[PDB]
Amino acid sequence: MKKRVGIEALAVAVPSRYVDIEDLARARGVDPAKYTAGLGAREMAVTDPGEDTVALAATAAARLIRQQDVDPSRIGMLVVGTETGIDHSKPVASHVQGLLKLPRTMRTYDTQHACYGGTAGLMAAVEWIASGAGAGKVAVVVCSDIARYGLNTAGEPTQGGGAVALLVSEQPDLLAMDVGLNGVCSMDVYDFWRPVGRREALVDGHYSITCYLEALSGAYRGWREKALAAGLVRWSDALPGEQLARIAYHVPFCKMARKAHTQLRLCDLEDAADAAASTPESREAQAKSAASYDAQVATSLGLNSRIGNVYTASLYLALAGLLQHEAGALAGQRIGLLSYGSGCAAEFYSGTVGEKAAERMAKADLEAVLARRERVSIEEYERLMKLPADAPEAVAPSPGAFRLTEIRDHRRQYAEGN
């Protein structure tokens, strides 16, 4: 009896509005090609205060339950990974539980480590199940965030917001994860952070890229050693990482995925028993292979390019885009995933796409999620950005979605769309 654990399905929620990234460039006196070619952006989600971390998380989690016909009483863990917390004590997960009218027999809590928080919660849910404690039950892990750098900042064109809700179970139709094979690399850095009382992040941008790549290298190498010992990959005519059908990466901006994939391949090329016969120039040229990027990574960025950085959710939006179109082809094949969070930590893990992944992705109806949005001007984006966090716009949520309506006596109030 082969037991499996992992991601059974997912759902996505996005803010109601977005801007065209070339409009942002023009408003900032920037060449639009810096954003479209340099960063790989197309459209940037923008929010108003009604689209807070709770509202986006609850919209995604409710959509998951409805689209996948989840029995809410089978949920034994509800975890929200976020870096956009709204209370020091009361977790987003508790608000989500209430808004969705979920029953009582579940753990609820939030996880925090920049863009790694969702992955940390995913592993906690997976290992709860794989330990036996969660046998017979499911978990819901929601990655929800709003990425804000501020007007006229270098990070501004990488903003975004939204949520991805993951169903975790013993029927992991999207991704049957290889338990215990993860690689991890973490160290205390100040590449990106956001002190309490600052609405916008602080970042040393180029250093943050170096930190991502450094942590990726350590995490990937740790996974590779375990995968070699488990017989899942080999040092052969193909590099170890080439034996993964696809690799999905944390996407702070779309061009980061190419940088990440080049670095992963360089790890193989530098570590091969015969590396001494190569040069930095020859290794770099091979690592940057357009064929490899096209085969393993390129199709994972379609949703990300239209939304922006959704912090904890960015890797899972890449997984979503990949499986949206390729789940049937990928059934039975092993793929890799690299999660990074500033501060920092990276974790690399693998899993096998399930036979029913295409079914679960069809039910997620992702083009309909993206089609509901409306474009706004940069002027309006700026006006909404300037609103205080307690001042949601007077607009109704979409059917089954949620919005913050007001804060009254320090208690946050929400509405569910009819």
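A residue's number is simply how far along the shown sequence it sits, counting from 1.
- Stretches 325-333 and 275-283 differ in mean C-alpha B factor, with the higher average recorded for 275-283.
- Look at the C-alpha B-factors of 263-271 and of 78-86. On average they run higher in 263-271.
- The entry assigns its greatest Cα B factor, within the set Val140, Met256, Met187, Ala154, to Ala154.
- Ranking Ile307, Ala114, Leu239, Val203 by Cα temperature factor from the entry places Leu239 first.
- Among the modelled residues of the chain, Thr59 sits in the lowest third by CA temperature factor in this PDB entry.
- Among the modelled residues of its chain, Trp193 has a C-alpha B-factor that falls in the middle third according to the deposited record.
- Remark: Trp235 belongs to the highest third of its chain, ranked by C-alpha B-factor as recorded.
- Among all modelled residues in its chain, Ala135 ranks in the highest third by Cα B-factor.
- The PDB entry assigns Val164 a C-alpha temperature factor belonging to the lowest third of its chain's modelled residues.
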